[PDB]
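The next block is coords-v2.txt, given as compact mmCIF, N, CA and C atoms.
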# COMPACT_ATOMS: atom_id res chain seq x y z
N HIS A 11 67.68 49.52 62.54
CA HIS A 11 68.93 49.79 63.35
C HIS A 11 70.18 50.05 62.49
N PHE A 12 71.06 50.87 63.06
CA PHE A 12 71.99 51.70 62.34
C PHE A 12 72.71 52.47 63.45
N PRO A 13 74.06 52.54 63.42
CA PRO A 13 74.81 53.01 64.58
C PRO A 13 75.02 54.53 64.70
N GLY A 14 74.20 55.32 64.02
CA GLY A 14 74.24 56.77 64.15
C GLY A 14 72.95 57.35 63.60
N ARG A 15 72.84 58.68 63.58
CA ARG A 15 71.67 59.33 62.97
C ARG A 15 71.82 59.37 61.45
N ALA A 16 70.70 59.34 60.74
CA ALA A 16 70.68 59.48 59.28
C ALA A 16 69.41 60.24 58.93
N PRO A 17 69.37 60.93 57.77
CA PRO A 17 68.06 61.48 57.41
C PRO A 17 67.01 60.37 57.30
N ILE A 18 65.78 60.68 57.68
CA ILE A 18 64.67 59.75 57.51
C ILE A 18 64.05 60.06 56.15
N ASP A 19 64.20 59.11 55.22
CA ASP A 19 63.82 59.31 53.82
C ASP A 19 62.33 59.14 53.53
N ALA A 20 61.60 58.49 54.43
CA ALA A 20 60.17 58.27 54.26
C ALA A 20 59.52 57.88 55.57
N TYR A 21 58.22 58.16 55.67
CA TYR A 21 57.38 57.69 56.77
C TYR A 21 56.05 57.27 56.14
N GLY A 22 55.17 56.69 56.94
CA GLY A 22 53.95 56.08 56.43
C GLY A 22 54.08 54.58 56.45
N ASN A 23 52.96 53.89 56.24
CA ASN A 23 52.95 52.44 56.09
C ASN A 23 53.46 51.73 57.34
N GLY A 24 53.16 52.32 58.50
CA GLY A 24 53.54 51.76 59.79
C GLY A 24 55.04 51.72 60.01
N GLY A 25 55.80 52.50 59.24
CA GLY A 25 57.22 52.55 59.48
C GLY A 25 57.98 53.70 58.88
N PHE A 26 59.26 53.44 58.64
CA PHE A 26 60.19 54.46 58.19
C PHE A 26 61.19 53.86 57.24
N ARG A 27 61.72 54.72 56.37
CA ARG A 27 62.84 54.34 55.51
C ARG A 27 64.01 55.26 55.80
N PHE A 28 65.19 54.67 55.97
CA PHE A 28 66.40 55.43 56.26
C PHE A 28 67.62 54.60 55.91
N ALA A 29 68.66 55.26 55.42
CA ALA A 29 69.95 54.60 55.22
C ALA A 29 69.81 53.35 54.34
N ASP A 30 68.98 53.48 53.30
CA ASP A 30 68.66 52.37 52.39
C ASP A 30 68.07 51.13 53.06
N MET A 31 67.47 51.33 54.23
CA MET A 31 66.81 50.27 54.97
C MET A 31 65.34 50.69 55.17
N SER A 32 64.51 49.71 55.52
CA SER A 32 63.11 49.92 55.91
C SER A 32 62.94 49.33 57.31
N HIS A 33 62.25 50.03 58.18
CA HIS A 33 61.92 49.47 59.49
C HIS A 33 60.43 49.62 59.72
N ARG A 34 59.80 48.53 60.15
CA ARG A 34 58.39 48.54 60.55
C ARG A 34 58.29 48.83 62.06
N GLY A 35 57.59 49.90 62.40
CA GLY A 35 57.44 50.29 63.80
C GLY A 35 57.97 51.68 64.10
N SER A 36 57.76 52.11 65.34
CA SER A 36 58.20 53.41 65.80
C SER A 36 59.71 53.39 66.05
N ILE A 37 60.35 54.55 65.96
CA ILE A 37 61.81 54.62 66.11
C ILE A 37 62.23 55.79 66.98
N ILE A 38 63.38 55.63 67.60
CA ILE A 38 64.05 56.72 68.26
C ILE A 38 65.42 56.92 67.56
N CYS A 39 65.78 58.18 67.30
CA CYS A 39 66.98 58.52 66.56
C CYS A 39 67.82 59.37 67.46
N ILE A 40 68.94 58.83 67.90
CA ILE A 40 69.79 59.52 68.87
C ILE A 40 71.25 59.40 68.40
N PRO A 41 72.18 60.18 68.99
CA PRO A 41 73.56 60.09 68.48
C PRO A 41 74.13 58.67 68.34
N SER A 42 73.73 57.75 69.23
CA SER A 42 74.27 56.36 69.18
C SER A 42 73.59 55.46 68.13
N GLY A 43 72.51 55.96 67.53
CA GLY A 43 71.88 55.24 66.43
C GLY A 43 70.39 55.39 66.32
N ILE A 44 69.81 54.58 65.45
CA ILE A 44 68.37 54.52 65.27
C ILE A 44 67.92 53.17 65.82
N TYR A 45 67.00 53.19 66.79
CA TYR A 45 66.53 51.98 67.47
C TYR A 45 65.02 51.85 67.31
N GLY A 46 64.54 50.62 67.15
CA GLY A 46 63.10 50.39 67.24
C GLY A 46 62.62 50.57 68.67
N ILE A 47 61.44 51.17 68.83
CA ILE A 47 60.78 51.18 70.12
C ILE A 47 59.33 50.77 69.94
N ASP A 48 58.85 49.99 70.90
CA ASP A 48 57.54 49.41 70.81
C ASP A 48 56.50 50.34 71.42
N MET A 49 56.16 51.40 70.70
CA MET A 49 55.10 52.31 71.14
C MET A 49 53.73 51.69 70.78
N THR A 50 52.86 51.54 71.76
CA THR A 50 51.48 51.07 71.48
C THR A 50 50.58 52.22 71.03
N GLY A 51 51.08 53.43 71.24
CA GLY A 51 50.31 54.63 70.99
C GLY A 51 51.19 55.84 70.81
N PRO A 52 50.62 56.92 70.25
CA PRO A 52 51.37 58.10 69.87
C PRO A 52 51.92 58.96 71.01
N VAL A 53 51.44 58.75 72.24
CA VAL A 53 51.96 59.51 73.38
C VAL A 53 53.10 58.72 74.04
N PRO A 54 54.31 59.30 74.07
CA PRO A 54 55.44 58.57 74.60
C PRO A 54 55.34 58.35 76.10
N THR A 55 55.95 57.26 76.56
CA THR A 55 56.03 56.93 77.97
C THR A 55 57.44 57.25 78.47
N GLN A 56 57.63 57.14 79.78
CA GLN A 56 58.95 57.32 80.38
C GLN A 56 59.98 56.34 79.78
N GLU A 57 59.60 55.08 79.62
CA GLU A 57 60.43 54.08 78.93
C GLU A 57 60.81 54.50 77.51
N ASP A 58 59.82 54.98 76.76
CA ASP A 58 60.06 55.40 75.38
C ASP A 58 61.23 56.35 75.23
N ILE A 59 61.41 57.23 76.22
CA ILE A 59 62.42 58.28 76.12
C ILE A 59 63.69 57.97 76.94
N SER A 60 63.72 56.79 77.55
CA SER A 60 64.85 56.39 78.40
C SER A 60 66.22 56.49 77.72
N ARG A 61 66.30 56.14 76.43
CA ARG A 61 67.58 56.23 75.73
C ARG A 61 68.01 57.68 75.50
N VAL A 62 67.02 58.56 75.30
CA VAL A 62 67.26 59.99 75.16
C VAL A 62 67.82 60.55 76.46
N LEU A 63 67.18 60.22 77.58
CA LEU A 63 67.64 60.72 78.86
C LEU A 63 69.08 60.24 79.10
N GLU A 64 69.34 58.98 78.79
CA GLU A 64 70.64 58.37 79.06
C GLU A 64 71.77 58.99 78.22
N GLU A 65 71.42 59.53 77.05
CA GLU A 65 72.40 60.14 76.16
C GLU A 65 72.27 61.66 76.15
N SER A 66 71.74 62.22 77.23
CA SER A 66 71.37 63.64 77.27
C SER A 66 72.59 64.57 77.15
N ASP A 67 73.77 64.07 77.51
CA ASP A 67 74.99 64.86 77.34
C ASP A 67 75.24 65.22 75.87
N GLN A 68 74.67 64.46 74.94
CA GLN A 68 74.89 64.68 73.50
C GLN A 68 73.63 65.12 72.75
N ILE A 69 72.58 65.43 73.49
CA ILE A 69 71.29 65.84 72.92
C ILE A 69 70.88 67.18 73.51
N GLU A 70 70.72 68.19 72.65
CA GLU A 70 70.17 69.49 73.09
C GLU A 70 68.69 69.62 72.81
N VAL A 71 68.23 68.98 71.74
CA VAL A 71 66.82 69.11 71.34
C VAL A 71 66.22 67.75 70.93
N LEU A 72 65.04 67.47 71.47
CA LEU A 72 64.29 66.29 71.12
C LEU A 72 62.98 66.66 70.40
N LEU A 73 62.82 66.14 69.18
CA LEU A 73 61.57 66.31 68.45
C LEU A 73 60.75 65.06 68.72
N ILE A 74 59.47 65.24 69.02
CA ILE A 74 58.59 64.13 69.28
C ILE A 74 57.46 64.12 68.26
N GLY A 75 57.46 63.09 67.43
CA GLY A 75 56.43 62.91 66.40
C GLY A 75 55.34 62.06 67.02
N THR A 76 54.17 62.68 67.23
CA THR A 76 53.06 62.05 67.95
C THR A 76 51.96 61.50 67.04
N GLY A 77 52.36 61.00 65.87
CA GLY A 77 51.44 60.40 64.92
C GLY A 77 50.80 61.41 63.98
N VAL A 78 49.52 61.21 63.65
CA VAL A 78 48.86 62.08 62.68
C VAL A 78 48.46 63.43 63.25
N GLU A 79 48.29 63.49 64.57
CA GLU A 79 47.88 64.73 65.22
C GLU A 79 48.94 65.13 66.22
N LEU A 80 49.10 66.44 66.41
CA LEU A 80 50.01 66.95 67.42
C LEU A 80 49.37 66.74 68.81
N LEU A 81 50.09 66.04 69.69
CA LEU A 81 49.61 65.74 71.04
C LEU A 81 50.53 66.36 72.09
N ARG A 82 49.97 66.71 73.25
CA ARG A 82 50.74 67.28 74.35
C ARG A 82 51.69 66.28 74.98
N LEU A 83 52.84 66.78 75.39
CA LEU A 83 53.81 65.97 76.11
C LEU A 83 53.31 65.86 77.56
N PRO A 84 53.18 64.62 78.08
CA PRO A 84 52.70 64.42 79.44
C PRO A 84 53.62 65.10 80.46
N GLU A 85 53.03 65.52 81.56
CA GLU A 85 53.71 66.25 82.64
C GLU A 85 54.99 65.55 83.11
N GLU A 86 54.89 64.24 83.35
CA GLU A 86 55.99 63.41 83.81
C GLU A 86 57.21 63.48 82.88
N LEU A 87 56.96 63.46 81.58
CA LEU A 87 58.02 63.52 80.58
C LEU A 87 58.62 64.92 80.47
N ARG A 88 57.78 65.94 80.61
CA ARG A 88 58.24 67.33 80.57
C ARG A 88 59.26 67.57 81.68
N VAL A 89 58.95 67.10 82.89
CA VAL A 89 59.87 67.14 84.04
C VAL A 89 61.20 66.42 83.77
N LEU A 90 61.14 65.15 83.37
CA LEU A 90 62.35 64.37 83.09
C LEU A 90 63.25 65.04 82.05
N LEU A 91 62.66 65.49 80.95
CA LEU A 91 63.42 66.16 79.88
C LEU A 91 64.03 67.47 80.39
N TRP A 92 63.24 68.22 81.15
CA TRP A 92 63.71 69.46 81.76
C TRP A 92 64.92 69.23 82.67
N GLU A 93 64.86 68.17 83.48
CA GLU A 93 65.95 67.82 84.41
C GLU A 93 67.27 67.55 83.69
N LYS A 94 67.18 67.15 82.43
CA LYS A 94 68.38 66.81 81.65
C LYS A 94 68.72 67.93 80.67
N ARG A 95 68.04 69.07 80.81
CA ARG A 95 68.23 70.25 79.98
C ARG A 95 68.08 69.94 78.49
N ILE A 96 67.13 69.07 78.16
CA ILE A 96 66.81 68.82 76.77
C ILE A 96 65.59 69.64 76.40
N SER A 97 65.74 70.49 75.40
CA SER A 97 64.62 71.27 74.92
C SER A 97 63.82 70.38 73.95
N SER A 98 62.51 70.31 74.12
CA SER A 98 61.72 69.35 73.37
C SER A 98 60.39 69.89 72.92
N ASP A 99 59.85 69.29 71.87
CA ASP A 99 58.58 69.73 71.38
C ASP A 99 57.89 68.63 70.61
N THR A 100 56.56 68.67 70.60
CA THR A 100 55.78 67.69 69.88
C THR A 100 55.20 68.32 68.61
N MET A 101 54.86 67.47 67.66
CA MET A 101 54.28 67.85 66.33
C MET A 101 53.93 66.49 65.71
N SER A 102 53.16 66.49 64.64
CA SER A 102 52.88 65.25 63.92
C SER A 102 54.16 64.51 63.53
N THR A 103 54.04 63.21 63.27
CA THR A 103 55.20 62.41 62.86
C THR A 103 55.81 62.98 61.57
N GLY A 104 54.96 63.38 60.63
CA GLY A 104 55.44 63.97 59.36
C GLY A 104 56.30 65.20 59.59
N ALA A 105 55.78 66.12 60.41
CA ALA A 105 56.46 67.36 60.76
C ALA A 105 57.76 67.06 61.48
N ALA A 106 57.74 66.09 62.39
CA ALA A 106 58.95 65.77 63.15
C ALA A 106 60.05 65.23 62.22
N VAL A 107 59.67 64.36 61.28
CA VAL A 107 60.63 63.84 60.30
C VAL A 107 61.30 64.99 59.54
N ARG A 108 60.48 65.91 59.02
CA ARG A 108 60.99 66.98 58.17
C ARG A 108 61.89 67.91 58.95
N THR A 109 61.51 68.19 60.19
CA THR A 109 62.27 69.06 61.09
C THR A 109 63.55 68.39 61.55
N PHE A 110 63.46 67.11 61.93
CA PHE A 110 64.66 66.32 62.25
C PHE A 110 65.69 66.36 61.12
N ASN A 111 65.25 66.12 59.89
CA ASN A 111 66.15 66.09 58.74
C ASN A 111 66.89 67.41 58.59
N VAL A 112 66.15 68.51 58.73
CA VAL A 112 66.70 69.84 58.54
C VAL A 112 67.74 70.13 59.62
N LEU A 113 67.38 69.90 60.88
CA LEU A 113 68.29 70.14 62.00
C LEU A 113 69.51 69.22 61.97
N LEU A 114 69.30 67.98 61.55
CA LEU A 114 70.42 67.04 61.37
C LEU A 114 71.44 67.56 60.35
N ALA A 115 70.93 68.06 59.22
CA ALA A 115 71.76 68.65 58.16
C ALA A 115 72.54 69.87 58.64
N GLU A 116 71.99 70.58 59.63
CA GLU A 116 72.65 71.73 60.23
C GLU A 116 73.64 71.34 61.35
N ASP A 117 73.86 70.04 61.55
CA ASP A 117 74.74 69.54 62.60
C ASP A 117 74.33 69.94 64.02
N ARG A 118 73.03 70.06 64.25
CA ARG A 118 72.51 70.36 65.60
C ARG A 118 72.51 69.06 66.40
N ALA A 119 72.67 69.16 67.72
CA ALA A 119 72.56 68.00 68.60
C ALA A 119 71.08 67.62 68.76
N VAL A 120 70.50 67.06 67.70
CA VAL A 120 69.07 66.77 67.63
C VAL A 120 68.79 65.27 67.72
N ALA A 121 67.69 64.95 68.40
CA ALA A 121 67.20 63.60 68.54
C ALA A 121 65.74 63.62 68.13
N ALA A 122 65.21 62.47 67.75
CA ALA A 122 63.78 62.36 67.43
C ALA A 122 63.19 61.07 67.98
N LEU A 123 61.97 61.15 68.50
CA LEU A 123 61.20 59.98 68.84
C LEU A 123 60.03 60.01 67.89
N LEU A 124 59.86 58.97 67.09
CA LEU A 124 58.88 59.04 66.01
C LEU A 124 57.87 57.90 66.07
N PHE A 125 56.61 58.22 66.38
CA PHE A 125 55.55 57.23 66.30
C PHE A 125 55.23 56.96 64.85
N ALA A 126 55.29 55.69 64.46
CA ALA A 126 55.07 55.30 63.07
C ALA A 126 53.60 55.41 62.74
N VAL A 127 53.30 56.15 61.69
CA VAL A 127 51.92 56.34 61.23
C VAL A 127 51.64 55.50 59.99
N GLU A 128 50.35 55.25 59.75
CA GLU A 128 49.91 54.64 58.50
C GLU A 128 50.19 55.62 57.36
Encoded form using structure tokens:
Amino acid sequence: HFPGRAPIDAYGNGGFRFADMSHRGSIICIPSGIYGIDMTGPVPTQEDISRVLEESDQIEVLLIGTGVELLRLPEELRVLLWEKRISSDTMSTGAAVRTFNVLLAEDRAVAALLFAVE
């Protein structure tokens, strides 16, 4: 936890490194900060993305890191994200980290939900 977005400096080992900190577990990175989320699995739930929906006025794009393999976004989540005009896409956690960092550096209104991989 950290009160804004920061580049994600590492992934692997069931967590992430950012802002000279280490966090064990999955994370969501939104304009209001980086928060732990208790994902039991790589496919996000409605709860998982609740902070994104709530801050949708400040988010244009959501990257979803679905672990080691790219997984489809469930129908229910596609609808909710669409309703808030957030453009979103899934890719491996590694790919999402790298893409998040790049878009963050470009000052895009980007958010990421990242399932922590080994």
Step one, run DSSP on the backbone; step two, keep only residues of chain A assigned to strand (DSSP E or B); then write them as a short mmCIF file (atom, residue, chain, number, x, y, z; two decimals) with N, CA and C atoms, in the frame of the given file.
data_model
loop_
_atom_site.label_atom_id
_atom_site.label_comp_id
_atom_site.auth_asym_id
_atom_site.auth_seq_id
_atom_site.Cartn_x
_atom_site.Cartn_y
_atom_site.Cartn_z
N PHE A 12 71.06 50.87 63.06
CA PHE A 12 71.99 51.70 62.34
C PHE A 12 72.71 52.47 63.45
N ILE A 18 65.78 60.68 57.68
CA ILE A 18 64.67 59.75 57.51
C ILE A 18 64.05 60.06 56.15
N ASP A 19 64.20 59.11 55.22
CA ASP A 19 63.82 59.31 53.82
C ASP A 19 62.33 59.14 53.53
N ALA A 20 61.60 58.49 54.43
CA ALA A 20 60.17 58.27 54.26
C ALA A 20 59.52 57.88 55.57
N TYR A 21 58.22 58.16 55.67
CA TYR A 21 57.38 57.69 56.77
C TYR A 21 56.05 57.27 56.14
N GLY A 22 55.17 56.69 56.94
CA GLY A 22 53.95 56.08 56.43
C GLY A 22 54.08 54.58 56.45
N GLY A 25 55.80 52.50 59.24
CA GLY A 25 57.22 52.55 59.48
C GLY A 25 57.98 53.70 58.88
N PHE A 26 59.26 53.44 58.64
CA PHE A 26 60.19 54.46 58.19
C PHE A 26 61.19 53.86 57.24
N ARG A 27 61.72 54.72 56.37
CA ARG A 27 62.84 54.34 55.51
C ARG A 27 64.01 55.26 55.80
N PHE A 28 65.19 54.67 55.97
CA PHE A 28 66.40 55.43 56.26
C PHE A 28 67.62 54.60 55.91
N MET A 31 67.47 51.33 54.23
CA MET A 31 66.81 50.27 54.97
C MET A 31 65.34 50.69 55.17
N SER A 32 64.51 49.71 55.52
CA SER A 32 63.11 49.92 55.91
C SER A 32 62.94 49.33 57.31
N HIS A 33 62.25 50.03 58.18
CA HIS A 33 61.92 49.47 59.49
C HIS A 33 60.43 49.62 59.72
N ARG A 34 59.80 48.53 60.15
CA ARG A 34 58.39 48.54 60.55
C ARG A 34 58.29 48.83 62.06
N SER A 36 57.76 52.11 65.34
CA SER A 36 58.20 53.41 65.80
C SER A 36 59.71 53.39 66.05
N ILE A 37 60.35 54.55 65.96
CA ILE A 37 61.81 54.62 66.11
C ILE A 37 62.23 55.79 66.98
N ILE A 38 63.38 55.63 67.60
CA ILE A 38 64.05 56.72 68.26
C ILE A 38 65.42 56.92 67.56
N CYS A 39 65.78 58.18 67.30
CA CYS A 39 66.98 58.52 66.56
C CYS A 39 67.82 59.37 67.46
N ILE A 40 68.94 58.83 67.90
CA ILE A 40 69.79 59.52 68.87
C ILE A 40 71.25 59.40 68.40
N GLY A 43 72.51 55.96 67.53
CA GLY A 43 71.88 55.24 66.43
C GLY A 43 70.39 55.39 66.32
N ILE A 44 69.81 54.58 65.45
CA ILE A 44 68.37 54.52 65.27
C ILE A 44 67.92 53.17 65.82
N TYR A 45 67.00 53.19 66.79
CA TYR A 45 66.53 51.98 67.47
C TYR A 45 65.02 51.85 67.31
N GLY A 46 64.54 50.62 67.15
CA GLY A 46 63.10 50.39 67.24
C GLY A 46 62.62 50.57 68.67
N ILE A 47 61.44 51.17 68.83
CA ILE A 47 60.78 51.18 70.12
C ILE A 47 59.33 50.77 69.94
N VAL A 71 68.23 68.98 71.74
CA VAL A 71 66.82 69.11 71.34
C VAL A 71 66.22 67.75 70.93
N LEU A 72 65.04 67.47 71.47
CA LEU A 72 64.29 66.29 71.12
C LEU A 72 62.98 66.66 70.40
N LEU A 73 62.82 66.14 69.18
CA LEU A 73 61.57 66.31 68.45
C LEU A 73 60.75 65.06 68.72
N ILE A 74 59.47 65.24 69.02
CA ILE A 74 58.59 64.13 69.28
C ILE A 74 57.46 64.12 68.26
N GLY A 75 57.46 63.09 67.43
CA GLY A 75 56.43 62.91 66.40
C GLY A 75 55.34 62.06 67.02
N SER A 97 65.74 70.49 75.40
CA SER A 97 64.62 71.27 74.92
C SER A 97 63.82 70.38 73.95
N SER A 98 62.51 70.31 74.12
CA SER A 98 61.72 69.35 73.37
C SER A 98 60.39 69.89 72.92
N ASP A 99 59.85 69.29 71.87
CA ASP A 99 58.58 69.73 71.38
C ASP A 99 57.89 68.63 70.61
N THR A 100 56.56 68.67 70.60
CA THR A 100 55.78 67.69 69.88
C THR A 100 55.20 68.32 68.61
N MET A 101 54.86 67.47 67.66
CA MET A 101 54.28 67.85 66.33
C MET A 101 53.93 66.49 65.71
N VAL A 120 70.50 67.06 67.70
CA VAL A 120 69.07 66.77 67.63
C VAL A 120 68.79 65.27 67.72
N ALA A 121 67.69 64.95 68.40
CA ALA A 121 67.20 63.60 68.54
C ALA A 121 65.74 63.62 68.13
N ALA A 122 65.21 62.47 67.75
CA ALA A 122 63.78 62.36 67.43
C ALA A 122 63.19 61.07 67.98
N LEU A 123 61.97 61.15 68.50
CA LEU A 123 61.20 59.98 68.84
C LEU A 123 60.03 60.01 67.89
N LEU A 124 59.86 58.97 67.09
CA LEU A 124 58.88 59.04 66.01
C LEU A 124 57.87 57.90 66.07
#
Selection near residue A:30, 8 Å with only N, CA and C atoms, sequence-local residues under 3 positions removed, as a short mmCIF file (atom, residue, chain, number, x, y, z; two decimals) with N, CA and C atoms, in the coordinates of the input:
data_model
loop_
_atom_site.label_atom_id
_atom_site.label_comp_id
_atom_site.auth_asym_id
_atom_site.auth_seq_id
_atom_site.Cartn_x
_atom_site.Cartn_y
_atom_site.Cartn_z
N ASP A 19 64.20 59.11 55.22
CA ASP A 19 63.82 59.31 53.82
C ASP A 19 62.33 59.14 53.53
N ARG A 27 61.72 54.72 56.37
CA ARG A 27 62.84 54.34 55.51
C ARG A 27 64.01 55.26 55.80
N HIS A 33 62.25 50.03 58.18
CA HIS A 33 61.92 49.47 59.49
C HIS A 33 60.43 49.62 59.72
#
Show me, as an mmCIF file with N, CA and C atoms, in the coordinates of the input, the residues that have an atom within 8 Å of residue A:38 when counting only C-alpha atoms, minus same-chain residues fewer than 5 positions from it.
data_model
loop_
_atom_site.group_PDB
_atom_site.id
_atom_site.type_symbol
_atom_site.label_atom_id
_atom_site.label_comp_id
_atom_site.auth_asym_id
_atom_site.auth_seq_id
_atom_site.Cartn_x
_atom_site.Cartn_y
_atom_site.Cartn_z
ATOM 1 N N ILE A 44 69.810 54.580 65.450
ATOM 2 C CA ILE A 44 68.370 54.520 65.270
ATOM 3 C C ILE A 44 67.920 53.170 65.820
ATOM 4 N N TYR A 45 67.000 53.190 66.790
ATOM 5 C CA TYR A 45 66.530 51.980 67.470
ATOM 6 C C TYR A 45 65.020 51.850 67.310
ATOM 7 N N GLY A 46 64.540 50.620 67.150
ATOM 8 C CA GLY A 46 63.100 50.390 67.240
ATOM 9 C C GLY A 46 62.620 50.570 68.670
ATOM 10 N N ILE A 47 61.440 51.170 68.830
ATOM 11 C CA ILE A 47 60.780 51.180 70.120
ATOM 12 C C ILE A 47 59.330 50.770 69.940
ATOM 13 N N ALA A 121 67.690 64.950 68.400
ATOM 14 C CA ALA A 121 67.200 63.600 68.540
ATOM 15 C C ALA A 121 65.740 63.620 68.130
ATOM 16 N N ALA A 122 65.210 62.470 67.750
ATOM 17 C CA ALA A 122 63.780 62.360 67.430
ATOM 18 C C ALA A 122 63.190 61.070 67.980
ATOM 19 N N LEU A 123 61.970 61.150 68.500
ATOM 20 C CA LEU A 123 61.200 59.980 68.840
ATOM 21 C C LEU A 123 60.030 60.010 67.890
ATOM 22 N N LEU A 124 59.860 58.970 67.090
ATOM 23 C CA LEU A 124 58.880 59.040 66.010
ATOM 24 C C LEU A 124 57.870 57.900 66.070
#
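Counting from atom CA of residue A:18, the distance to atom CA of residue A:107 is 6.4 Å.
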Centre and edge lengths, as lines of an AutoDock Vina configuration file, for the axis-aligned box enclosing every listed atom of stretch 27-40 of chain A with 6 Å of padding on each of the six sides, in Å to one decimal?
center_x = 64.3
center_y = 54.0
center_z = 60.6
size_x = 25.8
size_y = 23.0
size_z = 28.5
Q.
With only N, CA and C atoms as the counted atoms, please give the residues lying no more than 7 Å from stretch 55-70 of chain A, apart from itself and same-chain residues fewer than 6 positions off, as a ChimeraX atom specification.
A. /A:40-41,47,86-87,90-91,94-98,118-121
Grab the residues selected above and save them as a short mmCIF file (atom, residue, chain, number, x, y, z; two decimals), in the frame of the given file with N, CA and C atoms.
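File produced: out33.cif:
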data_model
loop_
_atom_site.label_atom_id
_atom_site.label_comp_id
_atom_site.auth_asym_id
_atom_site.auth_seq_id
_atom_site.Cartn_x
_atom_site.Cartn_y
_atom_site.Cartn_z
N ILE A 40 68.94 58.83 67.90
CA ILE A 40 69.79 59.52 68.87
C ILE A 40 71.25 59.40 68.40
N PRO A 41 72.18 60.18 68.99
CA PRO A 41 73.56 60.09 68.48
C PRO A 41 74.13 58.67 68.34
N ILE A 47 61.44 51.17 68.83
CA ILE A 47 60.78 51.18 70.12
C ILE A 47 59.33 50.77 69.94
N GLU A 86 54.89 64.24 83.35
CA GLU A 86 55.99 63.41 83.81
C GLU A 86 57.21 63.48 82.88
N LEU A 87 56.96 63.46 81.58
CA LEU A 87 58.02 63.52 80.58
C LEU A 87 58.62 64.92 80.47
N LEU A 90 61.14 65.15 83.37
CA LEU A 90 62.35 64.37 83.09
C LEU A 90 63.25 65.04 82.05
N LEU A 91 62.66 65.49 80.95
CA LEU A 91 63.42 66.16 79.88
C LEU A 91 64.03 67.47 80.39
N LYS A 94 67.18 67.15 82.43
CA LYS A 94 68.38 66.81 81.65
C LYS A 94 68.72 67.93 80.67
N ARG A 95 68.04 69.07 80.81
CA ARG A 95 68.23 70.25 79.98
C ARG A 95 68.08 69.94 78.49
N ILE A 96 67.13 69.07 78.16
CA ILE A 96 66.81 68.82 76.77
C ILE A 96 65.59 69.64 76.40
N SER A 97 65.74 70.49 75.40
CA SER A 97 64.62 71.27 74.92
C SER A 97 63.82 70.38 73.95
N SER A 98 62.51 70.31 74.12
CA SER A 98 61.72 69.35 73.37
C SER A 98 60.39 69.89 72.92
N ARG A 118 73.03 70.06 64.25
CA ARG A 118 72.51 70.36 65.60
C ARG A 118 72.51 69.06 66.40
N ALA A 119 72.67 69.16 67.72
CA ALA A 119 72.56 68.00 68.60
C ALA A 119 71.08 67.62 68.76
N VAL A 120 70.50 67.06 67.70
CA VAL A 120 69.07 66.77 67.63
C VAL A 120 68.79 65.27 67.72
N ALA A 121 67.69 64.95 68.40
CA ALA A 121 67.20 63.60 68.54
C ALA A 121 65.74 63.62 68.13
#
**OP:** List every residue of stretch 11-126 of chain A that DSSP, applied to the backbone of this structure, places in helix (DSSP H, G or I), and write the result as a ChimeraX atom specification.
**Re:** /A:60-64,66-68,85-93,103-115
Restricting to only C-alpha atoms, whichever of A:75, A:110, A:102, A:35 is closest to residue A:23 is A:35
Atom C of residue A:85 to atom CA of residue A:126 measures 22.5 Å
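Atom CA of residue A:109 to atom CA of residue A:72 spans 10.6 Å [interatomic distance, one decimal].
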### Close residues, residue A:77 itself excluded, 10 Å, only C-alpha atoms, min 6 positions apart in chain, as a count of residues only
17
Practice problem: Compile the contact shell of residue A:32 as number ranges by chain: residues with an atom at most 10 Å away, counting only C-alpha atoms, same-chain residues fewer than 3 positions apart removed. | Solution: A: 11, 19-21, 25-29, 35
Expected file contents, prior selection, N, CA and C atoms, as an mmCIF file, in the coordinates of the input:
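Listed below is the output, result.cif:
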data_model
loop_
_atom_site.group_PDB
_atom_site.id
_atom_site.type_symbol
_atom_site.label_atom_id
_atom_site.label_comp_id
_atom_site.auth_asym_id
_atom_site.auth_seq_id
_atom_site.Cartn_x
_atom_site.Cartn_y
_atom_site.Cartn_z
ATOM 1 N N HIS A 11 67.680 49.520 62.540
ATOM 2 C CA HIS A 11 68.930 49.790 63.350
ATOM 3 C C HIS A 11 70.180 50.050 62.490
ATOM 4 N N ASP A 19 64.200 59.110 55.220
ATOM 5 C CA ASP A 19 63.820 59.310 53.820
ATOM 6 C C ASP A 19 62.330 59.140 53.530
ATOM 7 N N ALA A 20 61.600 58.490 54.430
ATOM 8 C CA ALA A 20 60.170 58.270 54.260
ATOM 9 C C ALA A 20 59.520 57.880 55.570
ATOM 10 N N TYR A 21 58.220 58.160 55.670
ATOM 11 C CA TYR A 21 57.380 57.690 56.770
ATOM 12 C C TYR A 21 56.050 57.270 56.140
ATOM 13 N N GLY A 25 55.800 52.500 59.240
ATOM 14 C CA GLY A 25 57.220 52.550 59.480
ATOM 15 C C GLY A 25 57.980 53.700 58.880
ATOM 16 N N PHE A 26 59.260 53.440 58.640
ATOM 17 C CA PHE A 26 60.190 54.460 58.190
ATOM 18 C C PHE A 26 61.190 53.860 57.240
ATOM 19 N N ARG A 27 61.720 54.720 56.370
ATOM 20 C CA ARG A 27 62.840 54.340 55.510
ATOM 21 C C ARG A 27 64.010 55.260 55.800
ATOM 22 N N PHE A 28 65.190 54.670 55.970
ATOM 23 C CA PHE A 28 66.400 55.430 56.260
ATOM 24 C C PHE A 28 67.620 54.600 55.910
ATOM 25 N N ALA A 29 68.660 55.260 55.420
ATOM 26 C CA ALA A 29 69.950 54.600 55.220
ATOM 27 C C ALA A 29 69.810 53.350 54.340
ATOM 28 N N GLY A 35 57.590 49.900 62.400
ATOM 29 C CA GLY A 35 57.440 50.290 63.800
ATOM 30 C C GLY A 35 57.970 51.680 64.100
#
If you count only C-alpha atoms, the residue of A:108, A:89, A:24, A:13 closest to residue A:50 turns out to be A:24
